[PDB]
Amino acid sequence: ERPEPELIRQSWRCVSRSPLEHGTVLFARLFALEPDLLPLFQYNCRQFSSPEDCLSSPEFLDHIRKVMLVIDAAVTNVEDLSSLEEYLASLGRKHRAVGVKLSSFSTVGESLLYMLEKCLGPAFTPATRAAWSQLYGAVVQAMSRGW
């Protein structure tokens, strides 16, 4: 289904002003659901590979901001995601090459919905949750070409 654009745009405003705070919620959920992702971050951390320091490092914070900016790109292009097909395919290839499993992107989708739910509370309606599931599903499909 094409995600209902107004529901995507309005609900995104909840997180989009403070993207590091909200992206940090997403990542907390990601580690709660798939804690085995930590080593992949640790081994890619250049400044500090120990757990706490890697997770608080500029590289890791930068990556939280990158995740939120890619979702913002999908929100702002929700009516025509063809404008991100090559970017997303290449993004998938890049993750595959640093050892990420395609299946971990399902965990990310769960974490994104969790983040939104926490920000919006009862404004995160079933229609709005569905629209997000559809938008994220289209992003992962475009990325999945990289595996």
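Numbers follow the displayed sequence, beginning with 1.
For the pair 57-65 and 30-38, the mean B factor over Cα atoms is greater in 30-38. As recorded in the PDB entry, 100-108 is the stretch of 100-108 and 66-74 with the greater mean C-alpha temperature factor. In this PDB entry, residue 132 carries a Cα temperature factor that places it within the middle third of its chain's modelled residues. When all modelled residues of the chain are sorted by CA temperature factor, residue 83 is found within the middle third. Residue 18: CA B factor in the highest third of modelled residues in this chain (values from the PDB entry). Residue 24: CA B factor in the lowest third of modelled residues in this chain (values from the PDB entry).
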